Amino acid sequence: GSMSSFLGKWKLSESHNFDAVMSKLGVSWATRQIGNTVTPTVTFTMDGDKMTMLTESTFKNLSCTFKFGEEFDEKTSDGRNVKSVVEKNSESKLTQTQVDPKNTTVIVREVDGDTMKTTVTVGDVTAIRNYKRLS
């Protein structure tokens, strides 16, 4: 219920054009390289009206918890302090916009069966990241 398809765990399987989006984010060379190697595992759980998305890689394990529509501060993996809002588009889709003062990153995550497609957009640049559902 409310993001039922999002519940559970997810491992990255493919990433296309990701160095473009986060060169544009000014992510350092070194953190970008790690971004291009590691395959995070994100977990969602819905807990009442608050959803939590945990990301686990060898780099960092970050997690954050949000109401939909409700702005909230966040530290990104790379280290930018951003103001985020996650909107519910549908039951199989949500959209996390991330505002720092240099750029705004929009992150569409969309569940379709065993795939969650994560589209990441900074201005005119776009990367797509697919996660295969675990178990």
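Throughout, we count residues from 1 along the sequence that is shown.
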Stretch exceeding the other in mean C-alpha B-factor - 106-114, 70-78: 70-78
Third of chain Cα B-factors occupied by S63: highest
Ranked against its chain, the third holding the CA B-factor of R32: lowest
Position of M53 among the chain's modelled residues by C-alpha B-factor, lowest, middle or highest third: middle
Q98, C-alpha B-factor rank within chain (lowest, middle or highest third): middle
Chain-wide C-alpha B factor ranking for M46, given as lowest, middle or highest third: highest
